[PDB]
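Summary of structural features
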Amino acid sequence: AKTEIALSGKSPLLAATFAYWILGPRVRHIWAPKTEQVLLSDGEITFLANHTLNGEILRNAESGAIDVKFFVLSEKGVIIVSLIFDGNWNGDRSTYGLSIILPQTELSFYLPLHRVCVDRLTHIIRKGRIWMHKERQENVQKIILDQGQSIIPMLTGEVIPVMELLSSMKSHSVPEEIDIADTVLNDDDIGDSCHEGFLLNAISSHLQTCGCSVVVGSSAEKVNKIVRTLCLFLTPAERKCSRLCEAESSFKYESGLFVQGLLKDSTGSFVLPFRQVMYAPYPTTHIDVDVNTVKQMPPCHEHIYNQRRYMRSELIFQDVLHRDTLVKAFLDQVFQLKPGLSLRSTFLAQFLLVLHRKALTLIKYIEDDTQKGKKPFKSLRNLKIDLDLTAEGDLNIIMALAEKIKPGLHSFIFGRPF
Amino acid sequence: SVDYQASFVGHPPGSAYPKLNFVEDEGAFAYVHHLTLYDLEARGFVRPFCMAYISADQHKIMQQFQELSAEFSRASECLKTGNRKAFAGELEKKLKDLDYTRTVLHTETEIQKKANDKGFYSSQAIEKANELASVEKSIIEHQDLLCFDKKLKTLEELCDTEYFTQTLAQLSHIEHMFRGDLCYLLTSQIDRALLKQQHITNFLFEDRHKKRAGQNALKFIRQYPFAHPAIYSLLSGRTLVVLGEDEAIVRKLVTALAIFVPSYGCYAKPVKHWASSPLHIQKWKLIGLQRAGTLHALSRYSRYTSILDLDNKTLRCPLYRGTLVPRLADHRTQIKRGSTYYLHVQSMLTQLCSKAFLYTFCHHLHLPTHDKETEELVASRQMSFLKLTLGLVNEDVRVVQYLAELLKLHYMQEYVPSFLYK
């Protein structure tokens, strides 16, 4: 009725639950945190798992798809995020549900991640919903009488990283609040064809796609002095969902967050993993510090979705071709502001402030033209010139801050033409 | 279907004392802040009855969870302080009511009867005064730290909400805060999230007729000839007045173009919007005057002025060849909502601020500078504009002007022709 998995780190989260559905059981099997000093008693956990049970029972007409739950219990301080399954008959509520258990006062930590966590787990049920017909093996009716042994394996391994993933961000202590520009920009000026020409190539690429990718290098410090820099260009809620990569911490590519890291590229050729990169919320870069190059995947929503459609059911592409004058502007003089002082940060925000505001107009602009059948926007030729958007480097950028606000915006414009 | 679900499945089965939980949907996409309102004159001496609000998309709550569950914290707690306050006081009131029993109990028992009763009812008549006096102390401590009447018990519980209006105020204010969609809302956090670090750009420039205060300007520029240098004259300044025959219009069409004015700083606005005609005075940079006495200060202040005549069009300072104002305003524009035209205007000004921001700083352009002292540095400052992507020597004035606005405040805390055409 347990399985102990040690966690590499200091302060991991709490256990997870896998209660079954004949009579609704309090809990079937509970994963375990690291060999901590003190935990929360399983008897308490068993009730907490059983608590969602009758709460889960309250649902009617079970579902068509897997749906969410989320509990915060001030009494017996805990944060719970459970799921409801789709039954085997799809109408008979053969739900079993699962939820990692979270200590009090760590919903600030959790909630930005909440998209990550649901994503990670909802894949497990997608694997889980078959429904484990390998457990429908060639076996005698005594065996066909099964749950508590053959279900846990594919459940075990595929849920092991989740605690490590959640405990990863404590280890890779991605800057929560602020940074004094231990980033690049604090230097006077890099001043050279390659690196300075590189530095613009990445940041532009860092923007025309919403979410950056690995700083896949071999310094572990000069590797980490780019990931903290290219993240000045993202929201305070995105000070998280990023990782400051650590020297040989055996940490893979995890699809959810959209700034990442590794080191040494596995000492050889290593897969992206090509499967896991699609399961990221955005296309992303392929920044280096070894080669000082950049890459990128296709446009964020007119072709990843189509690529998503190809591969979602199965179960370094291009360089920066565009040079926004606006960012070529920005980066050119940012170093000219006599760095060392507080000046660049202010300038950065004022640069940033423009983009959101200039994004917000485009939000309002297109949503102003009443959407209708046979009535797409079709006025992009007017839109480009009208809003001071003629540099193709500049257009998609603000078109790329759209999806971060209107996720369906980018299809609303390019789906019909492309 | 149409809304009924304020408590349909918006009530978890108690599940904790103050708890705050969640529900999925099918169309619900709900959220619940379960708050019980324990009632003595009620079964179990408890009353779970939890008011919150329910919206759609499952998302405009989930990532917006804190303040909503930080104000539902304040709101729902506020009412709990009230019905208890009514309830705590009235409990001793009906204690005194049953205290009167003892006043009769003593008289009835053993007066002449010599206790002809048992009377073990007197055990009831005295035990009640204990636990009710006990839960009292429970109430006051709980106050500071940590059959028709049974449903009608909810009445005064819901009725005393109406009295203790703060609970009606917050949920009214909550219905004000969140809106139909998070995104336009979401930016407002982000917009002000950025604004905390940078405030210098705030005073140097503009930052509720704002639907009309925008829409009129769009109807202005898009179909008013010669209006182009008007913006320029207004942006550069350093003064402007506009007179008209019927004042029913200037009010309408000087709130339209009030957007463009650079406010001096931590003030309200410099648009006096009109006055009489003494015209003594760097204190007011937009005036109406709604009007040969004026024709003298018209020419006596041949510098720093401009005019209008709705009767027959005119102005005073139409010289501009650069491209900036064309970006700030192009008569062949398709911006429709006008309110959006405010945004397009509002955004651009930050860039004008941004360029202006650069010029003040860079610590290589002020009097300490590399070449020499006399005027070479003034030539040197010109090469800064090569980095600063000027439009034309007319735009040189604008960015040079904003220095003065920025130069002054850091300091405090420390010649033109004139045309006209029909």
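Residues numbered from 1 in each chain as written, not as in the entry; some residues may be left out. Chains lettered and ligands numbered in written order. Heavy atoms only, no water. Residues with missing side-chain atoms left out of burial classes, pairs and counts.

For this coordinate set, the PDB header names cryo-EM as the determination method and states a resolution of 3.8 Å.

Per the header of the deposited record, the title is "Structure of the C9orf72-SMCR8 complex".

In the nomenclature of the PDB entry, chain A corresponds to Ubiquitin-like protein SMT3,Guanine nucleotide exchange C9orf72 from the organism Saccharomyces cerevisiae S288c.

1. What to know about the pattern of salt bridges
Applying the stated criterion across every chain, the model contains 17 salt bridges over all chains. Across the pair A:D182 and A:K225 runs a salt bridge whose closest N-O atoms are separated by 3.5 Å. Taken together, the residues A:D182 in the loop between α4 (152-171) and α5 (193-208) and A:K225 in helix α6 (residues 224-227) connect sequence positions 43 residues apart. Between B:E395 and B:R398 there is a salt bridge whose closest N-O contact spans 2.3 Å. In this pair, B:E395 and B:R398 are both assigned in helix α15 (residues 393-413), three residues apart and thus about one turn of the helix distant. For the pair formed by B:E395 and B:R398, the shared burial category is buried. Each of A:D182, A:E221, A:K225 and A:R228 takes part in one network of salt bridges that share partners. (Salt bridge = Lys/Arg side-chain N within 4 Å of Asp/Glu carboxyl O. Helix = DSSP H or I, 4+ residues; strand = E, 2+ residues; numbered from the N terminus. Buried < 20%, exposed > 50% of the residue type's maximum accessible area, 1.4 Å probe, protein only.)

2. Topic: the sheet that holds strand β8 (residues 99-103) of chain A
Overall, antiparallel pairing links the six strands, which are arranged β2(A)-β8(A)-β6(A)-β5(A)-β1(B)-β2(B) in an open sheet. Looking at the sheet topology across the chains shown, the edges are occupied by β2 (16-17) of chain A together with β2 (31-32) of chain B. In this sheet, β8(A) lies alongside β2(A) in antiparallel orientation, the contact comprising two bridges. Across the sheet, residue A:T17 finds its bridge partner in β8(A), namely A:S99. (Pairing = 2+ DSSP bridges.)

3. Concerning the domain arrangement of chain B
Residues and elements named next belong to chain B. Here chain B is described as being made up of domain 1 (21-177), domain 2 (202-328) and domain 3 (356-413). Using C-alpha coordinates to define each centre, domain 2 is positioned 27 Å away from domain 3. Counting residues at the interface gives 15 residues for domain 2, matched by 10 residues for domain 3. Buried surface at the junction of domain 2 and domain 3, summed over both partners, amounts to about 1,200 Å²; 61% is from carbon and sulfur atoms. In this assembly, domain 2 and domain 3 are joined by zero salt bridges. Taken together, the connections running from domain 2 to domain 3 amount to three residue pairs in polar contact. Elements with a contribution of two residues or more to the side of domain 2 that touches domain 3: α9 (227-236) and α12 (324-328). (Domains from an automatic or database assignment. Contact = heavy atoms within 4.5 Å. Buried area = accessible area lost by both parts, 1.4 Å probe. Polar contact = N/O pair within 3.5 Å; in protein donor to acceptor, adjacent residues only side chain to side chain.)

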